[PDB]
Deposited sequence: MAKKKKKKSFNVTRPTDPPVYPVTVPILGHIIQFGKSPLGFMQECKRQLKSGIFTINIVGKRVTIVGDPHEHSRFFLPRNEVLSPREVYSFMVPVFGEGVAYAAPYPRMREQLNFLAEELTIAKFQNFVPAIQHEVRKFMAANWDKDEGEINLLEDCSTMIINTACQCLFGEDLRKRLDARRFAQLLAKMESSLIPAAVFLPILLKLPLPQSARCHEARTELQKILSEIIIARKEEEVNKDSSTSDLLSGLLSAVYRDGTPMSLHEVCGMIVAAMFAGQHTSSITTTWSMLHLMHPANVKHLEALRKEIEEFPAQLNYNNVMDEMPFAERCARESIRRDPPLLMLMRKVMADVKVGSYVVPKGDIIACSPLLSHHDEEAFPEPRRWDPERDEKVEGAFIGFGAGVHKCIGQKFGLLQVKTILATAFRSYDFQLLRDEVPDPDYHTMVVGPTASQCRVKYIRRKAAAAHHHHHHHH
């Protein structure tokens, strides 16, 4: 009942190299070699048990923060979110804060959002996709459109007056680059190394101050909503409002979370769609869009593009951006047979589960018409107590980009096969240097 231990070739490496080079092969091999979807690698000195059996996802996603905890594992973010915020806060508090953010990303806010997205998409397309024909890096361009659209939805004109797409991206970048993700397995890393640290603190204070000012200026003004005003309106179980520290942290949580995943989802989708093999699916998308108007609206994209939602999801399915969900085991928990002992990190990998051949036949084929064959096997937005709260919003942007893009352009790869994924980044997407693409304007 203690899960099998993959043997540790070098006391140094643990497994950090092999895993980093091809995670699926590595984990599938671990499964066959060890005869069990549940097994333990020793990454660099800490045991990491992996729930690689999708019939058992609920063992990972359902227990409370008192058993299966995210605080430790997400400490390495304590400087982007800030010391108070999200998972660094006592459990009930964390949950309140997240709720307020989520209260701000539901279908109820999507009222003015589609126009605001669509406008940016056609604006980007009108400065940068000008010609009959042209080459672009699709991952950059999507990435840009995402950050643009998201601001348009979430900040006011006057928030945008001083902090735009550029400024903000510059700012997240000088924050993201503080991050030591390997510090999950050696928390000792958090302490010592401090070079890109003060560069992160000066960004967050810069942002936090722009904010302070905007609020101040926002209060002479009055003498309608957006993401920021929403969060300052929130009230905790007791008295307290949210402190500036906290609001700021949630605005970063949000912009940090959606920044790459949404881009990557859009880009993958478009990539598959433009591939000769996948003509049917692109016929399928093109039928879906036909009787759509030029200005879209809530109905067009929310209720009328199940096929586009299937494509977005199939992309995340094949090539999930967040490859590993993890938690710190506080109390011994059973997972199938096997007890996972306190102290272990426990993990659940969308990448491994999305290639269970029972759950997803022919897993490496991109097929938006497929459905999961084991229920809950798809964990691309996770599940249970920490299921993604931005999913409805992310796919609002992906779908609108799809719709908008495929209305007016075709696309050729400059490559025989769709790009391989690049497992070298925190958040995995197609290989940047394989995403140069040819766009054509229809007629």
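Taken in order along the deposited sequence, the stretches absent from the coordinates are 1 to 15, 239 to 243, 464 to 475.
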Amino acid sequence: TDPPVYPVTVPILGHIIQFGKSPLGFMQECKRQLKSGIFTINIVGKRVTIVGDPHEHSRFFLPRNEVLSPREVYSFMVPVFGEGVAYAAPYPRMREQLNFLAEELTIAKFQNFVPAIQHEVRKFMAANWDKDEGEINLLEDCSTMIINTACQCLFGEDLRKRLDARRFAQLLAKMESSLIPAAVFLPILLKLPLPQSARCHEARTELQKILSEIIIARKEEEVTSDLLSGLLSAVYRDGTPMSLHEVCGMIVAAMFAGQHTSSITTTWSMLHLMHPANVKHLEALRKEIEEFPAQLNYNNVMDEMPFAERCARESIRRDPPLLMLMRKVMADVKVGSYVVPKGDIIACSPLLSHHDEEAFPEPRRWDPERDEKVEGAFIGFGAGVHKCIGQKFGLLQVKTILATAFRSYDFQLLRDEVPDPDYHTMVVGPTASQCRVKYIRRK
From here on, numbers count along this sequence of modelled residues.
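Taking the PDB entry as given, 190 to 198 carries the higher mean Cα B factor of the two stretches 190 to 198 and 83 to 91. Relative to one another, 246 to 254 and 335 to 343 have unequal mean CA B-factors, and 335 to 343 is the one with the higher figure. Taking the deposited Cα B-factors for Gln208, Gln259, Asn99, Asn128, the highest one is held by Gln259. The entry lists a Cα temperature factor for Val73 that places it in the lowest third of the chain's modelled residues. In the PDB entry, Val184 places in the lowest third of its chain by CA B-factor. Sort the chain's modelled residues by C-alpha temperature factor and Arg317 lands in the middle third, per the entry.
Among all modelled residues in its chain, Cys388 ranks in the middle third by Cα B-factor.
In the deposited entry, the Cα temperature factor of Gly429 places it in the lowest third of its chain's modelled residues.
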